[PDB]
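A single chain comes next, written as structure tokens; it is the form deposited in one PDB entry.
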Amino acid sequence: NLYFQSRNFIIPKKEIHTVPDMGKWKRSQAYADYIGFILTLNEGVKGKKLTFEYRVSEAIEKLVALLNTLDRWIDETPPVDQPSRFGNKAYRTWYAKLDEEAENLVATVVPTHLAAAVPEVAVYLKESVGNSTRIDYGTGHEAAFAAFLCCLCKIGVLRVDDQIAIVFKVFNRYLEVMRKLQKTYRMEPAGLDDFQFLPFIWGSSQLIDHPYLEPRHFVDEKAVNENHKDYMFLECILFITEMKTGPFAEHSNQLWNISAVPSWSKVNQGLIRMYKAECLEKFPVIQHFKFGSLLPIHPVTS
């Protein structure tokens, strides 16, 4: 992609200020590029297990290392006894470290000739792990992580051969770290799932045309337990059953209803529509999205 020193980068800022601003978002270059990216990754993983032998580049290993740094800091930042009954205030300590170190982290991944991109790209990383004031996490934070990855593709740090690894290695790791934050700091949800959305899209794509596992099986704990290592969708269900009390039909009714859909292809197609409507076109969710040079607010070009 960008082989020569590049300097025209912009610190991303909010542009969806009120509900009327949703039109400029839907027409934006950023939206087109973002949904394009999600769908490109969705096609790439179709029919493949997490154990598929995919290419792992240096950039991918550096991204995993960046996530491991975040994980280490959780370990270094234990929960505290506190008066409040919701999220644990140690999250704020952990978040402060990420906020101060985000550019340094991103610089481990971005080559020298793209140094000027780091401040722009790091804003997406900073925005992808929850809210320090509320100690909550939602699908807007997840979207910020996907936007971070998208930026790295846009500047050529990640390439087309990396697309399986982006989902199966990097995003997969990110979800592990997010689950650890959610559980360790008792984060509140900021609906399909309390916290996530994308892994259900990419995960259902893995299972398209599966010869044995059908959507009805994801609400069978034994099928989940026996197959979760191969399938991101099933790993998400396992986390829910660990986190929630009582019958699945009652605590996760949307997913329960989805388990009745006849095929994973139809699950995938439906989840894409649902994501666009309930995340990307939902002001309270997507108002968080920031726009710079790489994911810009200007109308999409032809």
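Quick note: we count residues from 1 along the sequence shown, nothing fancier.
Missing here is the form solved in complex with a partner chain; even so, the following discussion is about that form.
Proximity to the partner chain in the entry with it bound, defined as a heavy atom within 4.5 Å, singles out one entry of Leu67, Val45, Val267, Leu234, which is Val267. Contact annotation: of the candidates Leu41, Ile60, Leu271, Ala30, the single residue with a non-hydrogen atom within 4.5 angstroms of the partner chain in the entry with it bound is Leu271. For a residue to qualify, one of its non-hydrogen atoms must sit within 4.5 Å of the partner chain in the entry with it bound; none of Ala143, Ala146 and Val160 qualifies.
Taking non-hydrogen atoms only, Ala277 approaches the partner chain to within 4.5 angstroms in the entry with it bound. In the entry with it bound, the partner chain lies within 4.5 Å of some heavy atom of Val261.
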